[PDB]
Number of protein chains: 2
Amino acid sequence: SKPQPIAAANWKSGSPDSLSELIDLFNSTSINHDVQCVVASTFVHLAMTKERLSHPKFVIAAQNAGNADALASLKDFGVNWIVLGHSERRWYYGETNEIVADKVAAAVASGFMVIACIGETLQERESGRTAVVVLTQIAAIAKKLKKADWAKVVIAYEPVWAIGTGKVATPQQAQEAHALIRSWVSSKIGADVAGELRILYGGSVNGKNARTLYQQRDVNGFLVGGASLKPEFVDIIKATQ
Amino acid sequence: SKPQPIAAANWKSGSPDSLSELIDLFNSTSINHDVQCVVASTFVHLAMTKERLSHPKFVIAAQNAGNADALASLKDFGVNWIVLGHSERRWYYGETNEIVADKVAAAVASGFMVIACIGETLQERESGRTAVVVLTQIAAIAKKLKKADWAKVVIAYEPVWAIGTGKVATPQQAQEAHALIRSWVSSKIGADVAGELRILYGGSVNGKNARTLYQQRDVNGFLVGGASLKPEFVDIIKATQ
């Protein structure tokens, strides 16, 4: 039915010691279903996790790449997944739809599994421009990808207003945005591709809200920030059953 | 007499929780005089404050912009004020008078209210080169601004040796530098402009020293770093009466 789900952690902060305790918990956790778990972080924690994380279902990812040289070095360092187009890169650092599109194409060429992020601001949401915004973002990425490349792409839909604010989208809001993105992909690229495509939801996900969100027809997992620094991340992974 | 004063906070560090407590304190504080309050920060706290800060007298600002795309995105994100040419950008990152001048011109074009920072090092101060340094910095900015643009500019004078060191300038030192900058502007651009111009003082300002500094004829407010992370920032705002 639904493609293999992904439960990605976005370690935006935390201390080396507290984090290794988490890694121990994960390593000792049996997941009785097929799900790809991803732990994304910065150089600070990347060396530790790359060596301390042993769970068969987990993989590590870099939080961003500034250029082709970094993609190359990261690849050599042994990192195969990467998160691109995350909120702040777009609104704080000014990366345009075109720029992240180029980054996504480059990463894929270098052989990475890419989690490309998209989402609208509170202003856009309220102005009723969600659908146009989201599709423009996704369209920019598509313009640079060859049909084969989609095999290496995961889309993460995160309303900018839901990230770190405590304000999660509703099962209906998420499902609608995801359904829209999938439709666009199906009609523009192919239904074969659209069906294989994982579209994750990110924006204040936690152990208590995950299942309802996951139950939606078009939600294939989550990109989790805050709750991924806590052991409740385990409940979030179990919610992708 | 003096133009409307500005009490700007420069949140260089701090935790999300501690910071929201401050925002609550601010939001519940009545200021019985006309003053523009500004809370400047990085992407980390910018999303929270933009949503949690409700005080009618407060506005939020970005701590820097790396290029035109960032100015555009920030503008769209809903940020209208920006701090440029701050100490570290000049001495640590190597931004020249010319570069920050260009940044100031660009920001103004994009529609921002700009706090352009200037100031000399301890070496320069001691070598007795304060006046030449400060004027060269300001002159570089002027070379790129059209007379109309000055309406969107606020100048912050912060001796590099006073920032974060605990070593504040004396009411006489600040007043002299401010008087000099205003004179230059008056004779080079116009007295109309010079009079409307807010020149703030920054460099180890606190609740205890603010009033004396503010009492000077040419001091129009403060850019505060350390003390802005504490509730004494309220006393600093009251000092602009």
Side-chain angles (χ1 to χ4, degrees), chain A residues 10-15 18 42 44 63-64 66-67 85-103 117-127 129-130 132-134 136-137 140 158-168 202-204 225-227 229-230, chain B residues 10-21 23-24 27 39-54 59-84 86 89 93 95 99 102-103 106-107 109-112:
Chain A
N10 194 23
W11 287 352
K12 329 240 263 310
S13 60
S15 64
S18 179
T42 34
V44 304
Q63 271 177 13
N64 187 66
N67 63 78
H86 202 264
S87 66
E88 71 283 348
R89 298 262 110 223
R90 305 178 100 126
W91 57 263
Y92 197 85
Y93 302 93
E95 287 190 30
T96 54
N97 289 340
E98 296 63 48
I99 287 164
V100 356
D102 282 328
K103 283 192 165 181
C117 307
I118 63 182
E120 81 298 336
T121 61
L122 182 49
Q123 303 88 277
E124 291 163 338
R125 184 50 146 230
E126 285 171 340
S127 314
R129 278 176 282 134
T130 299
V132 54
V133 173
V134 154
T136 303
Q137 294 183 332
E158 322 191 84
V160 188
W161 51 263
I163 304 172
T165 66
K167 174 150 32 58
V168 198
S204 286
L229 264 334
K230 301 155 189 55
Chain B
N10 194 24
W11 287 352
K12 329 240 263 310
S13 60
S15 64
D17 295 279
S18 179
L19 295 186
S20 64
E21 251 199 304
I23 293 176
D24 286 336
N27 280 339
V39 177
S41 65
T42 34
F43 61 93
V44 304
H45 310 312
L46 208 33
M48 171 213 307
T49 71
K50 200 288 211 69
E51 189 265 321
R52 209 152 183 294
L53 192 52
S54 50
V59 84
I60 67 175
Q63 271 177 13
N64 187 66
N67 63 77
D69 292 272
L71 288 167
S73 52
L74 275 179
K75 197 55 188 181
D76 297 348
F77 187 74
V79 178
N80 304 302
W81 284 69
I82 190 167
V83 181
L84 304 177
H86 202 264
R89 298 262 110 223
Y93 302 93
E95 287 190 30
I99 287 164
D102 282 328
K103 283 192 165 181
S110 308
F112 285 81

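Basis for what follows: all heavy atoms, side chains included, without hydrogens, waters or symmetry-related copies. Per chain, numbering begins at 1; letters A, B, ... match sequence-line order.
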Checklist entry - Under the side-chain hydrogen bond (donor to acceptor under 3.5 Å, both in side chains) rule, what pairs show up with a residue in residues 65-76 of chain B, not counting sequence neighbours? => result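 Every pair satisfying side-chain hydrogen bond (donor to acceptor under 3.5 Å, both in side chains) with a residue in residues 65-76 of chain B: B:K75-B:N80.
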Item to check | Listed once per pair and sorted, the side-chain hydrogen bond (donor to acceptor under 3.5 Å, both in side chains) pairs that draw on residues 40-50 of chain B, sequence neighbours left out | outcome: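 Output for this query is empty, none listed.
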Next on the checklist: Does any backbone or side-chain atom of A:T96 lie under 4.5 Å from a heavy atom of chain B? Answer side chain, backbone, both or neither.
Outcome noted: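 The answer is the side chain of A:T96.
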Checklist entry - Checking heavy atoms, do the side chain of B:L46, its backbone, both or neither come under 4.5 Å from chain A? => result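 Contact with chain A involves the side chain of B:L46 alone.
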Item to check | Contact summary for B:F43 and A:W91, nearest pair of heavy atoms | outcome: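 What the structure gives for the nearest pair is O-CH2, 3.8 Å.
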Next on the checklist: Check this for me: A:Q123, atom CD, are more than 12 non-hydrogen atoms of other residues, nucleotides or ligands nearer than 6.0 Å?
Outcome noted: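 Atom CD in A:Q123 is crowded, with more than 12 foreign heavy atoms closer than 6.0 Å.
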Next on the checklist: If you take the centroid of each ring, where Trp contributes its six-membered ring, are A:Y92 and B:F77 closer together than 6.0 Å?
Outcome noted: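 No, the ring of B:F77 stays outside the 6.0 Å limit from the ring of A:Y92, centre to centre.
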